[PDB]
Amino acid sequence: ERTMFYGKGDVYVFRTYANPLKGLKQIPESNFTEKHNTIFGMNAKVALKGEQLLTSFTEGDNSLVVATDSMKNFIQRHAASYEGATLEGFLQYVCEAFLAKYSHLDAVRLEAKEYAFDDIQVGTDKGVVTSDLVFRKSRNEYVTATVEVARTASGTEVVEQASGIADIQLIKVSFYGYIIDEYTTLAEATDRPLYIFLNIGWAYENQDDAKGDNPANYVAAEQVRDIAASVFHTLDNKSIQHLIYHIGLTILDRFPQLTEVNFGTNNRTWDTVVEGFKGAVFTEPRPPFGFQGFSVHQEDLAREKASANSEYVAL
């Protein structure tokens, strides 16, 4: 069962004026209901797979090798012909196109990181308004997706689909009961603002929903980001663990078409230098960071809603 694949990474693709994403589900946690797609940009990574690639390694035979530069061209050209509005839709489109073109391949995997842009405010004769010409390149959180399509008995299918928002970094300016033993740090505890990094991902029950053909069924990463921020703001969390459980429940509650929500976190909380948070001064800690990995599923939500003592609440 050998590992075998090859492809091209850092395939930057910037499509201008892609079809707008409109008609997303209205939720209390967010005002985000459309994504204009004036810039539809990403960093794409494609990998090709198939048993027929073996001799390209074992014999240096390039006869069945699609050149990696050609894969780059293929992706960039398909960005021009794509008529949809979502990252997942674009990746599925491209995967399927590779398989239609190259019969000797059996699977194609696309991973993408959004090359994100913010709308900005500019002063005009009409007052201060949102620019339709100039955008800020954002180095903050960005949308992610992965689609892998493989051949099936009848054609092809998505065998892996991931959607997410990466690099959310939030601090709240307003934890006890752990195991205590010989490994516990012998120093007094101080209160600091909880500072967290979150990567949040989700999975669809019907993967076609990720294509955005019916945007009422598409989950925009920006909505998930807004849910996470809203829950962080409102909940009196007992821990990051407890917080992400409630963020996940809320996402599943707003989007019943999702089967699960997953998290990867960092705790990045500052160290106290001067105790206050009025008048307080903090600084960066030593490098070690706490982290959590956790998935929440519809079964968890159904259990909470059926429970007599659940603490789960939603707007």
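All residue numbers refer to positions in the sequence shown, first residue = 1.
The gap between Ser174 and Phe175 holds 1 to 3 unmodelled residues of the deposited sequence. According to the record, 1 to 3 deposited residues between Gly276 and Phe277 are left without atomic coordinates. Two stretches are in play, 91-99 and 231-239, and the higher mean C-alpha B-factor belongs to 231-239. When the mean C-alpha temperature factors of 20-28 and 294-302 are read from the deposited coordinates, 20-28 comes out higher. The PDB entry assigns the greatest CA B-factor among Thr146, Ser138, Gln223, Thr184 to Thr184. Taking only the listed residues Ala116, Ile180, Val159, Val108, the entry reports the highest CA temperature factor at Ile180.
In the deposited entry, the Cα temperature factor of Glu83 places it in the middle third of its chain's modelled residues. Remark: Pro285 belongs to the lowest third of its chain, ranked by C-alpha B-factor as recorded. Ranked against the other modelled residues of its chain, the C-alpha B-factor of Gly41 as given in the entry falls in the lowest third.
In the PDB entry, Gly264 places in the lowest third of its chain by CA B-factor. Annotation for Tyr245: CA B-factor lies in the lowest third of the chain's modelled residues.
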